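Each remark here refers to the structure printed beneath this line.
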Amino acid sequence: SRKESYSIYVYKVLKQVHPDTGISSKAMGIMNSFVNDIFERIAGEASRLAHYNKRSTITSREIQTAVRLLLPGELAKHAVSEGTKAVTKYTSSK
Amino acid sequence: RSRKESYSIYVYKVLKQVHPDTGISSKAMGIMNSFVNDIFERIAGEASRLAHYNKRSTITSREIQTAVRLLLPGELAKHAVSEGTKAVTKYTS
Amino acid sequence: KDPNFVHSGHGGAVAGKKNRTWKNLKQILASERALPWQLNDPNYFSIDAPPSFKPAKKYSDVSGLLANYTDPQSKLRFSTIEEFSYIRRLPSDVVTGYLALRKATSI
Amino acid sequence: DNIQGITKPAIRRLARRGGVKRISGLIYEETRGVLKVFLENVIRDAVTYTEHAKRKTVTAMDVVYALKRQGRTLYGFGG
Amino acid sequence: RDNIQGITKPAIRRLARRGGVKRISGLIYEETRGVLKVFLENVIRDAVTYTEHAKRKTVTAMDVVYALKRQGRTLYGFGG
Amino acid sequence: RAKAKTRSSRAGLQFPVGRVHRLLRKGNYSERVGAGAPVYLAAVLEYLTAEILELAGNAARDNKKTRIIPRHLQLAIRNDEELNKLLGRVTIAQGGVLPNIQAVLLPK
Amino acid sequence: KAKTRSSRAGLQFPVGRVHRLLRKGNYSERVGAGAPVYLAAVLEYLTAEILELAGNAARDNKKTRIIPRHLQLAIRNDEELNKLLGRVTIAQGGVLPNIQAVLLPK
Amino acid sequence: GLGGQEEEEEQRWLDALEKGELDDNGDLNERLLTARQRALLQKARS
Amino acid sequence: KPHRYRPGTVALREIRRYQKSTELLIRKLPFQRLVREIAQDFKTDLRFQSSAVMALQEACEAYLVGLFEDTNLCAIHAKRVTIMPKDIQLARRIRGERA
Amino acid sequence: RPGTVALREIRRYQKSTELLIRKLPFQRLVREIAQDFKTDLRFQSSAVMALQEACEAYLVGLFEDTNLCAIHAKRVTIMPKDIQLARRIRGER
Amino acid sequence: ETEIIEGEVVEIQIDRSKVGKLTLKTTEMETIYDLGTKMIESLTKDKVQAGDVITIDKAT
């Protein structure tokens, strides 16, 4: 039907990273599958964490915790910095 | 107040059937409660995947029959599938 | 040359996504069952024989002799001690063969 | 019986990507067994996903879900 | 302060002997202590992240059990 | 309506079909938990419970005692090649380890 | 007039799609609006950082078109990608160059 | 064709093989580092 | 250019060339044929997608490459530069993959 | 004699069920390793027992894999290189 | 002439009329047999269990 996926956002990120550069449909297949795998990984751990807390609400704090549980070391810190910056923009922008 | 919600009654009702002469220690009750609880999470987790892997909304006997066939090893899989079909056969009349 | 040169489009799949031939027999029967049949009419499916009223005699797989026995493992059926000495040595390739040869539980 | 079609040269090449300096002649026949039993895991799981879907065809998703369940996920197939 | 050395030389001897090893070269101890400390470090860090998320000061048996599920190195009998 | 009974008793099970249904339906494993699922799952859990208890009861009786202790469970599961796959990376509180040696160790 | 959640948070990645994927994914009956913002930003951070390594690996290895080998070079040169992905596999990415020490001749 | 450059790259990789002057992987600039990798190099310099 | 070589001088070129390139080392048809065997003993007459058979080969070769690296390090530890089937077993057992 | 009481020691700890590491040294070690994740932590008495059971089990499995490395290299004597081999081919690090 | 079954009973299964299934083993073969009602009301009546050796006069 309509291949519900991430390819145009992945390509828009590549053009933000290296505007001169381009990418094979196989490498985009890896990017989609990696993005969806990390999505299920984080959302799964966040739902477990919500059950462990007896919460319903998937808050920003739950995603942050699932992210720092799954990401190693300094990669966790810098991804947490990007996520907290994005929420800081969103909550300021209304 | 909170309540322990354990499987302790049912594992004991089964022990008293399989070894009528034998009892459960309080730490072995812990191991048995952990085993039942973990296998429930393992099976229901795979059943939730198996529904969305076919984009079905329900879970039913076929999702759990599939999850048992994937999760369990050799002889235990065919035995667990036999027990699930027997219980549902009696339950449906 | 020949009895015709301008053969008409009888109703196979001339340009559709489906297979070229007419409807197969199952589809002919599924459409023939829509007609205004009376209870007494000679329907092509009503000619099917009964299901057998007897229980069907057990004939052995590997030799065709009358089988008293069925194996708890291979579910082949056999008549004598030396036939069991053969059935347990067969490769699974032909065990699933003999079960499917009488359309048993093997799929 | 088709596992013998996996060639001794291909098994040398496949081992040489793993950086081994020297092979021994027993490795080729034992590697065929390791490949056959690895398939006899991942295929039976994939068929089980295929059966659940009521399919006759083993899809990319059927083998991807098996490989994901086996904890050896492959990126670049399915999504 | 200096607590990694508190994994005593007889305790290593016994734990390795439950593991069935015949001769311990005296080189083994500090790497075994460091390896243990790193496994503790991972489990503790995970348990602390569950505890910090839970708005809570006390590390519970559930937090270490959930860290052992997160690491796929589970432990029955402590609840869950 | 007069004299209610458990859906476990209707299935022919000890294991709690109501509890299993409640846990499936509040665990968010699906938007629609059909009642065949918790009956089937209760039966699966009850079978695995029977198999693992019977092996542990044999292990306890073989160790000359009339009680299941975690040691008798570890000495059941590490003596079964099926359950040592299903429980193949789980740890048992007070279970210890299976008694085992590589033959190269043994003297003379 | 409306504003996209993506641009409101400052991402390229689709915040509303992550919200719908949480909402339809049964991860809860209730989803906070900051959760898909944070999650989209982390997916974007991971995507941007791996692609920045991969495009550099392509440019260094005398090419420009990103292909699965450049993704394997991005994953295996950095220890925190290497631990995050670990035992997962890349279609036709191969293995990172390693003619093993000691076997490398004297 | 220009595959002669890859033949010379193999000759350079063979010169180092005959000398025994290669990395532990058998292989032959901080501006290539991401902001995280600059923070990790700062952590390696501290 | 020279003849017979110092043994392993072309084996080092094999490691280099098969590690620098990313193509699959088994040819397609032997594996395409093999995939239609293993299923039959559990379900007859299955049909295999063109993507699925390739994903199966990619998984099988990726699985063997990792097993060969572990086997290589086992041989090097066990003094040898030659791999033997007992190194494959040691790698499998410490991986926890059978026995 | 030596190596004979070292072998006879194996059967005692493989039959016996108790924990082999000292509780207070382990308890302080967990708290030490926690200090630079957070100050002023409280640890539940059951949690540190669970952590000790996990740590002794992790080491017993690593010691079996260490014994496999040594005995494959025809040694009854273990070496740190056996731990470096195991922690690589485990897929841990 | 007499019809005698004899063997170790390997496995024996019964469920609700009644339906059931018996297996036997000699030193040299195995079998699985579906049981008729008048065998069910005999194998159960005489408390037959797996590992017994039994001789059945088939006619009775």
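Derivation of every value follows stated rules applied to the coordinates shown; laboratory data play no part. Don't worry about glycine lacking a Cβ; one is built from the backbone with ideal geometry, like all the others, and counts go over all protein chains shown.
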Kyte-Doolittle at least -1.0, axis length at least 20 Å by Cα - qualifying DSSP helices, chain D: D:27-52
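Count, for each residue of B:51-58, the Cβ atoms from other chains sitting within 10 Å of its Cβ, then give me the mean as a whole number.
On the way: counts 6, 5, 8, 6, 1, 5, 4, 7.
Average per residue, whole number: 5.
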Reachable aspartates and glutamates from D:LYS36, criterion Cα separation under 17 angstrom, eight or more residues apart if same chain: C:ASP93, D:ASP1, D:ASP45, I:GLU37, I:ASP41, I:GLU58, I:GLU61, I:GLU97
Dipole of chain C, positive direction: furthest Cα of C:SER92, C:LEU35, C:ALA104, with charges on the beta-carbon: C:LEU35
Dipole of region E:1-78 [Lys/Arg +1, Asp/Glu -1 at C-beta], most positive-end residue of E:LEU68, E:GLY34, E:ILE7: E:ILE7
Charge dipole (debye, nearest 20) of region G:39-100; +1 at Cβ of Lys and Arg, -1 at Cβ of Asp and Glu: 380 debye
Partner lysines for C:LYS26 [C-alpha distance under 30 Å; skip if fewer than 8 residues away on the same chain]: C:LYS17, C:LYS18, C:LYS54, C:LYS103, D:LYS54, D:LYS56, I:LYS43
Under 19 Å from J:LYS74, Cα to Cα: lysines that are on another chain or at least 8 residues apart: E:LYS22, F:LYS108, I:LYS79, I:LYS86
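Which entries in E:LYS55/G:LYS24; D:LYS21/G:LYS83; A:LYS54/F:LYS26 show an alpha-carbon gap greater than 19 Å? Before the final figure, lay out each step's value.
On the way: E:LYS55/G:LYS24 28 Å; D:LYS21/G:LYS83 28 Å; A:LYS54/F:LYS26 11 Å.
Check vs 19 Å cut-off fails for E:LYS55/G:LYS24; D:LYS21/G:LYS83.
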Inter-chain shielding of K:34-42 (mean C-beta neighbours from other protein chains, 10 Å cut-off): 0
Filter on F:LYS85/J:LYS15; E:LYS9/E:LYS37; G:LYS63/H:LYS19 - keep pairs with C-alpha separation over 20 Å: F:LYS85/J:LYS15; G:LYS63/H:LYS19
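Partner chain Cβ atoms within 10 Å, averaged over the residues of B:77-85 - can you pull that number for me?
Working: counts 3, 0, 6, 9, 4, 2, 11, 11, 2.
For peptide B:77-85, the averaged partner shielding equals 5.
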222 nm mean residue ellipticity, helices alone, for chain G (DSSP H n ≥ 4; -39,500 (n - 2.57); rounded to 500): -17000 deg cm²/dmol
Peptides ranked, highest mean first, by Cβ atoms within 10 Å: ranges B:5-18, A:51-64: A:51-64, B:5-18
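Relative contact order (percent) for chain A, with alpha-carbon contacts under 8 angstrom and 6 or more residues of separation?
Working: 39 pairs, mean separation 16.7, N = 94.
Over chain A, the number comes to 18 percent.
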Restricting region E:45-80 to trypsin sites (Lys or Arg not before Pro) in coil, as DSSP defines it, with at most 16 other Cβ within 10 Å: E:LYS55, E:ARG56, E:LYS57
Peptides E:17-27, C:78-88 ordered by average Cβ neighbours within 10 Å, highest first: E:17-27, C:78-88
Relative counts (whole %) of C-alpha pair distances in region F:4-108, using bins that are 5 Å wide: 2, 11, 16, 14, 12, 15, 13, 7, 3, 2, 2, 1, 1, 0, 0
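Of all GluC sites (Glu not before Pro) in region I:43-99, which ones are in loop regions per DSSP and have a Cβ with at most 16 other Cβ atoms within 10 Å? Mind showing how you got there, number by number?
Details: sites: I:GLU58, I:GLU61, I:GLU69, I:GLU97; in loops: I:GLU97.
Qualifying residues, ordered by number: I:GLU97.
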Pairwise Cα inverse-distance average, inverted: Kirkwood Rh of the protein assembly as shown (Å): 32.5 Å
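Using the reciprocal of the averaged 1/r over all distinct C-alpha pairs, how large is the Kirkwood radius of region I:22-90 in Å?
Values: mean 1/r = 0.0706 Å⁻¹.
After inverting the pairwise mean of 1/r, the radius is 14.2 Å.
Would you mind working out the magnitude of the charge dipole of chain I relative to its Cα centre, with +1 at each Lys and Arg C-beta and -1 at each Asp and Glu C-beta, to the nearest 20 Debye? Mind dumping the intermediate values first?
Details: 20 positive and 11 negative charges, 118 e Å.
Rounded to the nearest 20 debye, it is 560 debye.
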DSSP beta bridges in the protein assembly as shown [antiparallel fraction, %, rounded to 5]: 50 percent
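Taking the highest mean first, how do the peptides K:21-27, F:19-25 order by number of other beta carbon atoms within 10 angstrom per residue? It would help to have the intermediate numbers written out before the result.
Numbers: K:21-27: 16.1, F:19-25: 19.0.
Peptide ranking by packing, descending: F:19-25, K:21-27.
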Over 24 Å between alpha carbons, listed pairs A:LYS15/A:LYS89; B:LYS4/J:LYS23; H:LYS43/I:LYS20: B:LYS4/J:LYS23; H:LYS43/I:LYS20
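So if I place +1 on the C-beta of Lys and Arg and -1 on the C-beta of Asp and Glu, and nothing else carries charge, what would the dipole magnitude of region A:13-94 be about its Cα centre? I want it in debye, nearest 20. Can you show the working numbers first?
Numbers: 12 positive and 7 negative charges, 72 e Å.
So the magnitude is around 340 debye.
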In region G:13-99, the GluC sites (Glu not before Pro) that fall in loop regions by DSSP, at most 16 other Cβ within 10 Å: G:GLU29
Positive dipole terminus of chain F, leading residue within F:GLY57, F:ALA35, F:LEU105 (C-beta point charges): F:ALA35
Residues whose placed amide H lies under 5 Å from that of C:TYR69, excluding near-sequence neighbours: C:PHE78
Helix runs (DSSP H) in chain G reaching 20 Å along axis by Cα, Kyte-Doolittle at least 0.0: G:34-60
